[PDB]
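Structural overview
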Amino acid sequence: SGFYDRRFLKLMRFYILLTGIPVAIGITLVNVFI
Amino acid sequence: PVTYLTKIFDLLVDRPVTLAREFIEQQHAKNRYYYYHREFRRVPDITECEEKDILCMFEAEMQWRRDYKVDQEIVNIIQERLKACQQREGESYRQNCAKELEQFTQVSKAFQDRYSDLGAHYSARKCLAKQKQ
Amino acid sequence: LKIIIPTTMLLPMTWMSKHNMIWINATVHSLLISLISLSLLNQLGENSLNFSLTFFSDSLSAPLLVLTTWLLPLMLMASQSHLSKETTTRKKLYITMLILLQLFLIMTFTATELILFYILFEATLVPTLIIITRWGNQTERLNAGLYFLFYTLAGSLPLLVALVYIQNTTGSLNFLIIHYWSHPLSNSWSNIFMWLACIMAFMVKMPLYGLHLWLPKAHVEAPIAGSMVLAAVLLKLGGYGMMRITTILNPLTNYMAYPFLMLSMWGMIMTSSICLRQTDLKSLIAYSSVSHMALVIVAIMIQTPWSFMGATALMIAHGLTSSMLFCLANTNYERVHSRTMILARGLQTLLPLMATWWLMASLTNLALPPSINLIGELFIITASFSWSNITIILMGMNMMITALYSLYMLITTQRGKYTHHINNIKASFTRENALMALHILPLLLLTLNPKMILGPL
Amino acid sequence: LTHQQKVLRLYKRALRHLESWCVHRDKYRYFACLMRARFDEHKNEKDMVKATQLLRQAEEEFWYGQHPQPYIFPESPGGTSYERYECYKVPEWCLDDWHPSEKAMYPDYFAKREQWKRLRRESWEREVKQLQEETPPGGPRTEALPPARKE
Amino acid sequence: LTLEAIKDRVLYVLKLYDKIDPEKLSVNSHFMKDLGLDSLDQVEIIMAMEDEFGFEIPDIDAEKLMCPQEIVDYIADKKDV
Amino acid sequence: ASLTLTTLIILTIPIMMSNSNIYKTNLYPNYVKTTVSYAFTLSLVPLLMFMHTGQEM
């Protein structure tokens, strides 16, 4: 069964990106302006 | 006909970013709160503070340490200029690179001298102890 | 003093926690306090950071401190399925050992008095003993307890008397001033015994090749939460202290290094060689650990600044990778109770992602670029090579065998046929993957920014 | 082991190495026929005590000529692919683990499968009693015949 | 591959062997009690027959052999058709 | 300058795509062959700027 692994990756990717987006975008906005 | 003309087409690919930079740089100009360099005043050295004051040894120690790190940075610079000369020659060198090689020889010589077998826990008292030697 | 209070504060929280929720409490707050620990890392480029009269935070300590704070949640995630049938009061009693332990670590890294540093250095011994003895499996653990114990004390006790001596022959025992007021001790015979007295304990706690015997026999026995600490940290702290006390000594170190450089330079190749033919995995990892610590100890004794840089880096990297291999082995041991490596056989066939972690972990065990393990190791080979051009011929053999057995543990317990009748395996829990991902990710991010891990020199 | 099957395996063996030398189907055919011609032309009938000596001769004569490496079919233990596919042959019990969101997707196969597993768990005591029955204290032979069910 | 293809290719090889007389050949036709071929030729027919497939015959299984049906059965097992 | 570094870096991207669902698809590899194709197409250019004028960097 490959379910448990893919689930794990779904979770992990989802969180690292969950917090991942606000941070990256924040860094970019800080780059272009201030 | 010249192949390199293709670069002109490729130049258009540069142009986009060029314009793009303005679209950033413009906004970057709009607000520019900014830093500037820090500097530290001179202090009397360990050689003249007495055998037991810790504060003299300490102030002078920090000064000596800053001076050391600085000197390392200078050797970094002279090496970088060395690399620059080396690549910059087409194939010749043993030329201007000999010129930099000389100043590097002197600099690395003296820097080798000031700061060699100090070992870990290098300390100004030791560089002194070497200088007297 | 800010990071240290909450670490105490989890204890009331643990005891007062609802009986079936405690793991969440301890986990969450341990993570938070890790993040608070991380702010310490800043240090300074010149002066060692200072705090209270009684603590300070050298760059040498900070990455270690961050690590030590970081490990608690991990041990929790590993433990919290290993035990379940245990009574609530007993479990609640159990995590207290762990956290009490790290509390002693956060105290013993920031030091500052070397007598305070000592008394904590030896205070660590109790909780780890209790853990090895009460929650280890199989009989031998009892005996193991003793080996773990006396080898520390028999080393530590003379160090203790020596410490007291110095603060009488000089002024304060405090580290900063002794770093400044330091004056050479030289030959004679009294001074030599001073030397061994101020070295042997530190060279026991990080195993030396002639003395390492307790360490495998600890790791064979301890429940994994004990294993992760006993491997990833205590060795490294013995190294931290030995890097501390070398502020004194000199020039005598130049004259006394040789015998220990022989036990180390030879013991590395030797133990690695024994490492090439173990019966069971849980030991294989342990000998790999000694085989790497020998590098640290020569790296300290040649005392060249490159060697201390490499010392720091290798200490941390080996910390994480060793703990990783241990949890990663315990998983098999729980799935099949084999312990012996031969029974696992074709484990890759039946499940994949663990094979991936085997790959990453072993892969950084052998140390290939640009793992902080590797870069940590290459420096000390550099400084060693400066110290003696011959020495490379020894180091190279290490880099041979550490390849082999490492890959070996991979290819023997994985690639190949499944054993037929072993139906016991049950397709990988989320916490498992979560755990080892937690080991290995920091280890890889960390390569991007070595400059914060290389330490004071 | 027994003598006849012994000399036979020596024959298939030697014959195969003989192909490994002769390469071409032609030459190989010729020398093959010559070879069997040797085995019959020699002592196709004889007393044993001489015969074993004839084997001891033959083993040497072969061992000298055995060729550094025979041709080997990939399935065979030499093999260019003796276990290329052992990566894949997952034992059945492992599927019995997929959990319902996967198990739903092959209702048919799983249905048939529980049919089987039922057949086994129902069957087993009979193989117990029969094995218990046909066996003496327990000789060299492996397995025993079916008599009314399962085997 | 299919069972008919196996039985067919097998007999199709047994037919070509000289010692067998093709009309007497039958899938169930016995190999020693019927046909006098003897083992020294049995080894030939078996190795030559496996050679057609590239398949490999283990020796102890080569000892049984005999009836061509037993053979087609055997390849049927090993190829799992 | 931008050219060579691009003729390297684009190779990295499919691995990044390895966690994306396209990797799980049968469809993935041809994106790779195409990827190396574009990589080559791009790869010729530095060689020619290297040709007639002979510059190195």
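Residues numbered from 1 in each chain as written, not as in the entry; some residues may be left out. Chains lettered and ligands numbered in written order. Part of a larger assembly, values for the part shown. Heavy atoms only, no water. Residues with missing side-chain atoms left out of burial classes, pairs and counts.

The deposited coordinates, according to the entry record, derive from cryo-EM at 5.4 Å resolution.

1. Quick word on the overall build of chain F
To keep things clear, this is the line we draw: Under the scheme used here, helices are H or I runs from DSSP no shorter than 4 residues and strands are E runs no shorter than 2 residues, and both carry numbers assigned from the N terminus. Each residue is placed in one exposure class: buried if its accessible area under a 1.4 Å probe, protein chains only, is under 20% of its type's maximum, exposed if it is over 50%, and partly exposed if it falls in between. Areas reported as accessible are Shrake-Rupley estimates using a 1.4 Å probe. Residue values count occlusion only from the protein chains shown.
Looking only at helices and strands, chain F has three helices and zero strands in total. In chain F, the succession of helices and strands from N to C terminus is α-α-α. With respect to the principal axes defined by its C-alpha atoms, chain F has extents near 45 × 15 × 10 Å. Buried positions account for 11% of the 57 residues belonging to chain F. By element, 70% of the accessible surface of chain F is carried by carbon and sulfur atoms, the whole surface being about 4700 Å².

2. What about the packing of aromatic side chains?
Residues and elements named next belong to chain C. Spelled out, the test is: Pairing of aromatic side chains here covers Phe, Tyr and the six-membered ring of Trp, requires ring centres within 6.5 Å, and sorts the geometry by plane angle: under 30 degrees stacked, over 60 edge-to-face, intermediate tilted. Geometrically, a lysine NZ or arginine CZ counts as sitting over a ring once it is within 6 Å of the ring centre and also within 35 degrees of the ring normal.
Taken together, a centroid distance of 5.6 Å and an interplanar angle of 10° make the contact between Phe 56 and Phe 175 stacked. Of this pair, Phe 56 sits in strand β2 (residues 56-57) while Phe 175 sits in helix α8 (residues 175-180), placing them 119 residues apart in sequence. Aromatic side chains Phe 117 and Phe 202 sit 6.2 Å apart centroid to centroid with 65° between the ring planes, which places their arrangement in the edge-to-face category. Of the two residues, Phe 117 sits in helix α5 (residues 114-123) while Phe 202 sits in helix α9 (residues 190-205), which places them 85 residues apart along the sequence. Of the aromatic side chains, those joined through ring pairs into one cluster are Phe 109, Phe 117, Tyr 118, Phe 121, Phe 202 and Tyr 240. Positioned above the aromatic ring of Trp 135 is the side chain of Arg 134, whose terminal nitrogen or guanidinium carbon lies 5.8 Å from the ring centre.

3. Section: the pattern of salt bridges
When the charged atoms of two side chains lie near each other, side chains of opposite charge can form a pair. All names here are of chain C. To keep things clear, this is the line we draw: Counted as salt bridges are all cases of a side-chain nitrogen of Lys or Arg within 4 Å of a carboxyl oxygen of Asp or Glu.
Across the pair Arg 90 and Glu 86 runs a salt bridge whose closest N-O atoms are separated by 3.3 Å. As a salt-bridge pair, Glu 432 and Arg 335 come within 2.3 Å of each other at their nearest N and O atoms. Of this pair, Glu 432 sits in helix α20 (residues 430-445) while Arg 335 sits in helix α15 (residues 305-336); the two residues are 97 residues apart in sequence, bridging distant segments of the chain.

4. A word on unusual backbone geometry
For the peptide bond that leads from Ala 111 of chain C to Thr 112 of chain C, omega is 15°, which places it in the cis range. Relative to the helices and strands, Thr 112 of chain C is located in the loop between α4 (88-110) and α5. Residue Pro 251 of chain C is bonded to the preceding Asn 250 of chain C through a cis peptide linkage, with omega at 10°. Along the polypeptide, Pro 251 of chain C turns up in the loop between α12 (234-245) and α13 (253-275). Unlike most non-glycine residues, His 121 of chain B shows phi in positive territory, near 60°. Within the secondary structure layout, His 121 of chain B lies in the loop between α3 (96-114) and α4 (124-131). At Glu 151 of chain D, a position not held by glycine, the phi torsion is positive, near 70°. Its location among the elements puts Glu 151 of chain D in the segment after α5 (107-134).

5. As for the side chain of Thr 27 of chain C
Residues and elements named next belong to chain C. Selection rule: As used in this structure description, the phrase polar contact means that two N or O atoms lie within 3.5 Å; if the pair is within protein, one of them must be able to donate a hydrogen and the other to accept it, and residues adjacent in sequence are counted only when both atoms belong to side chains. Two residues qualify as a contact provided that any one of their heavy atoms is within 4.5 Å of a heavy atom in the partner residue.
Looking at the element boundaries, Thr 27 is found in helix α2 (residues 22-38). Of note is the side chain of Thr 27, whose polar atom sits 2.5 Å from the backbone oxygen of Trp 23. Residues within four places of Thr 27 in sequence aside, it is in contact with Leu 76, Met 77 and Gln 80.

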